[PDB]
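Working notes for the structure below.
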Amino acid sequence: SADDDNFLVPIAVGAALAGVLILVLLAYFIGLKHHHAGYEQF
Amino acid sequence: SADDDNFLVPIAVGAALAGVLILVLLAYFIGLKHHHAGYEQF
Amino acid sequence: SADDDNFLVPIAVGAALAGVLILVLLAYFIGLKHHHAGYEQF
């Protein structure tokens, strides 16, 4: 039940994977704010 | 003949994917801090 | 209804998936925030 059969057009699965990665990047983007002084920028 | 190249194709794989999405949502949930519409930011 | 529609199907894809999972964990790590032993709270 949790795992959809995805019988019809199972490829869309790959497209969804890329979408998730984008969401993760945004999350990190927000956390980027206020850089730590511990890290030395080149 | 899908994923013929990949010998391994366990279903549990999809379960792990859902788990990742949950982790992301929680992350965003904390960032959301559930802002009240009653008060408008200055 | 398809048979090896995707010409390219490198395994490197799975490796990238694991990398994303690691990034998510780090995100949560920051959200968790380690409690400093310097301050004592009941």
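Labels for the structure tokens follow display order: chains A, B, ..., residues from 1 in each chain, ligands from 1.
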Could you superpose chain A on chain C by least squares over every Cα, matched in sequence order, and send it back as an mmCIF file with N, CA, C and O atoms, in the first residue's frame?
data_model
loop_
_atom_site.group_PDB
_atom_site.id
_atom_site.type_symbol
_atom_site.label_atom_id
_atom_site.label_comp_id
_atom_site.auth_asym_id
_atom_site.auth_seq_id
_atom_site.Cartn_x
_atom_site.Cartn_y
_atom_site.Cartn_z
ATOM 1 N N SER A 1 7.375 4.219 -15.526
ATOM 2 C CA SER A 1 7.739 5.615 -15.898
ATOM 3 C C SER A 1 8.485 6.266 -14.738
ATOM 4 O O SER A 1 9.512 6.918 -14.932
ATOM 5 N N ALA A 2 7.959 6.082 -13.533
ATOM 6 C CA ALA A 2 8.584 6.653 -12.340
ATOM 7 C C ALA A 2 9.948 6.017 -12.097
ATOM 8 O O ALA A 2 10.901 6.693 -11.707
ATOM 9 N N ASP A 3 10.036 4.709 -12.335
ATOM 10 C CA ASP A 3 11.289 3.979 -12.144
ATOM 11 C C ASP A 3 12.064 3.904 -13.456
ATOM 12 O O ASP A 3 11.667 3.200 -14.384
ATOM 13 N N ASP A 4 13.171 4.638 -13.524
ATOM 14 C CA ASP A 4 13.996 4.654 -14.724
ATOM 15 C C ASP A 4 14.637 3.289 -14.953
ATOM 16 O O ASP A 4 15.013 2.601 -14.004
ATOM 17 N N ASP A 5 14.756 2.902 -16.220
ATOM 18 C CA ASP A 5 15.350 1.616 -16.565
ATOM 19 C C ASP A 5 16.802 1.554 -16.104
ATOM 20 O O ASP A 5 17.256 0.531 -15.590
ATOM 21 N N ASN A 6 17.525 2.653 -16.295
ATOM 22 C CA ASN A 6 18.926 2.713 -15.896
ATOM 23 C C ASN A 6 19.729 1.617 -16.591
ATOM 24 O O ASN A 6 20.660 1.057 -16.014
ATOM 25 N N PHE A 7 19.363 1.319 -17.832
ATOM 26 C CA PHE A 7 20.058 0.290 -18.599
ATOM 27 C C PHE A 7 21.525 0.653 -18.779
ATOM 28 O O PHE A 7 22.409 -0.184 -18.589
ATOM 29 N N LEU A 8 21.778 1.905 -19.153
ATOM 30 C CA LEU A 8 23.146 2.369 -19.363
ATOM 31 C C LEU A 8 23.784 2.770 -18.037
ATOM 32 O O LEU A 8 23.236 3.584 -17.295
ATOM 33 N N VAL A 9 24.945 2.192 -17.750
ATOM 34 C CA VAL A 9 25.657 2.493 -16.514
ATOM 35 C C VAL A 9 24.689 2.515 -15.329
ATOM 36 O O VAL A 9 24.351 3.577 -14.807
ATOM 37 N N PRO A 10 24.233 1.365 -14.906
ATOM 38 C CA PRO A 10 23.283 1.252 -13.762
ATOM 39 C C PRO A 10 23.969 1.496 -12.417
ATOM 40 O O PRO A 10 23.303 1.681 -11.399
ATOM 41 N N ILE A 11 25.299 1.482 -12.420
ATOM 42 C CA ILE A 11 26.061 1.681 -11.191
ATOM 43 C C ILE A 11 25.808 3.071 -10.603
ATOM 44 O O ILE A 11 25.630 3.214 -9.395
ATOM 45 N N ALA A 12 25.793 4.086 -11.463
ATOM 46 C CA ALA A 12 25.559 5.460 -11.017
ATOM 47 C C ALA A 12 24.459 5.506 -9.945
ATOM 48 O O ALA A 12 24.362 6.475 -9.189
ATOM 49 N N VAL A 13 23.634 4.455 -9.882
ATOM 50 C CA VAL A 13 22.552 4.394 -8.905
ATOM 51 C C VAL A 13 23.116 4.435 -7.485
ATOM 52 O O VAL A 13 22.598 5.147 -6.624
ATOM 53 N N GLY A 14 24.184 3.680 -7.245
ATOM 54 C CA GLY A 14 24.800 3.659 -5.923
ATOM 55 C C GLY A 14 25.353 5.035 -5.561
ATOM 56 O O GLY A 14 25.237 5.482 -4.419
ATOM 57 N N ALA A 15 25.953 5.704 -6.540
ATOM 58 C CA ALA A 15 26.521 7.029 -6.311
ATOM 59 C C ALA A 15 25.436 8.009 -5.875
ATOM 60 O O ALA A 15 25.657 8.841 -4.994
ATOM 61 N N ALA A 16 24.268 7.903 -6.493
ATOM 62 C CA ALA A 16 23.154 8.782 -6.158
ATOM 63 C C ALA A 16 22.682 8.529 -4.730
ATOM 64 O O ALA A 16 22.267 9.453 -4.030
ATOM 65 N N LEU A 17 22.739 7.268 -4.304
ATOM 66 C CA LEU A 17 22.302 6.908 -2.960
ATOM 67 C C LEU A 17 23.154 7.640 -1.919
ATOM 68 O O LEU A 17 22.635 8.191 -0.946
ATOM 69 N N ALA A 18 24.463 7.651 -2.133
ATOM 70 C CA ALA A 18 25.367 8.322 -1.206
ATOM 71 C C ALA A 18 25.078 9.819 -1.174
ATOM 72 O O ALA A 18 25.164 10.454 -0.122
ATOM 73 N N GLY A 19 24.736 10.375 -2.329
ATOM 74 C CA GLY A 19 24.436 11.800 -2.422
ATOM 75 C C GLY A 19 23.237 12.166 -1.552
ATOM 76 O O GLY A 19 23.227 13.212 -0.901
ATOM 77 N N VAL A 20 22.231 11.294 -1.539
ATOM 78 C CA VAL A 20 21.030 11.532 -0.740
ATOM 79 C C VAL A 20 21.386 11.575 0.743
ATOM 80 O O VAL A 20 20.903 12.433 1.480
ATOM 81 N N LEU A 21 22.236 10.645 1.173
ATOM 82 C CA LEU A 21 22.643 10.584 2.572
ATOM 83 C C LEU A 21 23.306 11.899 2.983
ATOM 84 O O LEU A 21 23.110 12.383 4.096
ATOM 85 N N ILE A 22 24.074 12.485 2.074
ATOM 86 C CA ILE A 22 24.739 13.752 2.362
ATOM 87 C C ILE A 22 23.704 14.850 2.589
ATOM 88 O O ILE A 22 23.840 15.665 3.502
ATOM 89 N N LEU A 23 22.677 14.867 1.753
ATOM 90 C CA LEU A 23 21.630 15.872 1.866
ATOM 91 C C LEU A 23 20.931 15.763 3.219
ATOM 92 O O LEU A 23 20.609 16.772 3.847
ATOM 93 N N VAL A 24 20.702 14.534 3.658
ATOM 94 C CA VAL A 24 20.043 14.296 4.935
ATOM 95 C C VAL A 24 20.887 14.835 6.085
ATOM 96 O O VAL A 24 20.362 15.411 7.039
ATOM 97 N N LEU A 25 22.195 14.634 5.993
ATOM 98 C CA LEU A 25 23.104 15.097 7.041
ATOM 99 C C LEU A 25 23.047 16.612 7.173
ATOM 100 O O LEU A 25 23.042 17.145 8.282
ATOM 101 N N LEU A 26 23.001 17.298 6.047
ATOM 102 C CA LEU A 26 22.941 18.746 6.075
ATOM 103 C C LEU A 26 21.668 19.188 6.780
ATOM 104 O O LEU A 26 21.680 20.116 7.588
ATOM 105 N N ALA A 27 20.571 18.507 6.470
ATOM 106 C CA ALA A 27 19.289 18.826 7.079
ATOM 107 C C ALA A 27 19.403 18.757 8.598
ATOM 108 O O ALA A 27 18.991 19.675 9.307
ATOM 109 N N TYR A 28 19.978 17.662 9.082
ATOM 110 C CA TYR A 28 20.167 17.465 10.514
ATOM 111 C C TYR A 28 21.134 18.504 11.071
ATOM 112 O O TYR A 28 20.997 18.948 12.212
ATOM 113 N N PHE A 29 22.122 18.879 10.260
ATOM 114 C CA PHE A 29 23.122 19.858 10.678
ATOM 115 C C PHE A 29 22.447 21.176 11.051
ATOM 116 O O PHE A 29 22.770 21.782 12.072
ATOM 117 N N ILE A 30 21.506 21.615 10.219
ATOM 118 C CA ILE A 30 20.784 22.857 10.478
ATOM 119 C C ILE A 30 19.945 22.715 11.748
ATOM 120 O O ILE A 30 19.888 23.630 12.569
ATOM 121 N N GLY A 31 19.291 21.565 11.898
ATOM 122 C CA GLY A 31 18.455 21.314 13.065
ATOM 123 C C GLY A 31 19.294 21.222 14.330
ATOM 124 O O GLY A 31 18.778 21.357 15.439
ATOM 125 N N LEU A 32 20.589 20.980 14.160
ATOM 126 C CA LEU A 32 21.483 20.856 15.301
ATOM 127 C C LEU A 32 21.516 22.155 16.097
ATOM 128 O O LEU A 32 21.542 22.131 17.327
ATOM 129 N N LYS A 33 21.525 23.285 15.388
ATOM 130 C CA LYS A 33 21.564 24.596 16.039
ATOM 131 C C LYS A 33 20.741 24.591 17.324
ATOM 132 O O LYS A 33 19.771 23.842 17.446
ATOM 133 N N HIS A 34 21.131 25.427 18.273
ATOM 134 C CA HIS A 34 20.419 25.503 19.539
ATOM 135 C C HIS A 34 20.214 24.108 20.123
ATOM 136 O O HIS A 34 19.228 23.435 19.821
ATOM 137 N N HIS A 35 21.152 23.682 20.962
ATOM 138 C CA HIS A 35 21.066 22.366 21.586
ATOM 139 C C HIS A 35 20.057 22.387 22.729
ATOM 140 O O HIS A 35 19.939 23.378 23.448
ATOM 141 N N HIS A 36 19.331 21.286 22.890
ATOM 142 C CA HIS A 36 18.333 21.189 23.950
ATOM 143 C C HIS A 36 19.007 20.988 25.305
ATOM 144 O O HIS A 36 19.999 20.267 25.415
ATOM 145 N N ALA A 37 18.460 21.630 26.333
ATOM 146 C CA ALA A 37 19.018 21.517 27.676
ATOM 147 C C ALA A 37 18.624 20.186 28.309
ATOM 148 O O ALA A 37 19.178 19.786 29.334
ATOM 149 N N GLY A 38 17.667 19.505 27.689
ATOM 150 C CA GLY A 38 17.206 18.218 28.197
ATOM 151 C C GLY A 38 18.314 17.174 28.120
ATOM 152 O O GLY A 38 18.433 16.315 28.994
ATOM 153 N N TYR A 39 19.125 17.252 27.070
ATOM 154 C CA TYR A 39 20.225 16.309 26.889
ATOM 155 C C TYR A 39 21.464 16.779 27.650
ATOM 156 O O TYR A 39 21.895 17.923 27.495
ATOM 157 N N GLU A 40 22.043 15.898 28.466
ATOM 158 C CA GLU A 40 23.241 16.251 29.233
ATOM 159 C C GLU A 40 24.499 15.895 28.444
ATOM 160 O O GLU A 40 24.749 14.723 28.156
ATOM 161 N N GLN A 41 25.294 16.906 28.101
ATOM 162 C CA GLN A 41 26.527 16.671 27.353
ATOM 163 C C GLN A 41 27.592 16.082 28.273
ATOM 164 O O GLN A 41 27.758 16.530 29.407
ATOM 165 N N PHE A 42 28.313 15.084 27.782
ATOM 166 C CA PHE A 42 29.356 14.457 28.583
ATOM 167 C C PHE A 42 30.576 15.368 28.687
ATOM 168 O O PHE A 42 30.399 16.522 29.041
#
In chain B, DSSP alpha helix (DSSP H) residues written as a ChimeraX atom specification: /B:12-32
With C-alpha atoms retained, export the selected residues as a PDB file, in the first residue's frame.
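part35.pdb written:
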ATOM      1  CA  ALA B  12      12.345  -2.059   0.487  1.00  0.00           C
ATOM      2  CA  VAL B  13      14.185   0.513  -1.663  1.00  0.00           C
ATOM      3  CA  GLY B  14      10.971   2.485  -2.153  1.00  0.00           C
ATOM      4  CA  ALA B  15      10.369   2.395   1.601  1.00  0.00           C
ATOM      5  CA  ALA B  16      13.711   4.097   2.209  1.00  0.00           C
ATOM      6  CA  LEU B  17      12.813   6.806  -0.306  1.00  0.00           C
ATOM      7  CA  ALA B  18       9.664   7.697   1.629  1.00  0.00           C
ATOM      8  CA  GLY B  19      11.739   7.884   4.806  1.00  0.00           C
ATOM      9  CA  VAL B  20      14.012  10.491   3.212  1.00  0.00           C
ATOM     10  CA  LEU B  21      11.029  12.668   2.298  1.00  0.00           C
ATOM     11  CA  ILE B  22       9.792  12.521   5.882  1.00  0.00           C
ATOM     12  CA  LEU B  23      13.172  13.695   7.141  1.00  0.00           C
ATOM     13  CA  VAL B  24      13.068  16.658   4.760  1.00  0.00           C
ATOM     14  CA  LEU B  25       9.544  17.614   5.827  1.00  0.00           C
ATOM     15  CA  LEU B  26      10.547  17.619   9.468  1.00  0.00           C
ATOM     16  CA  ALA B  27      13.503  19.842   8.640  1.00  0.00           C
ATOM     17  CA  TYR B  28      11.201  22.311   6.900  1.00  0.00           C
ATOM     18  CA  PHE B  29       8.686  21.926   9.728  1.00  0.00           C
ATOM     19  CA  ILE B  30      11.211  23.246  12.256  1.00  0.00           C
ATOM     20  CA  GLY B  31      12.133  26.110   9.927  1.00  0.00           C
ATOM     21  CA  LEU B  32       8.460  26.943   9.474  1.00  0.00           C
TER      22      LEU B  32
END
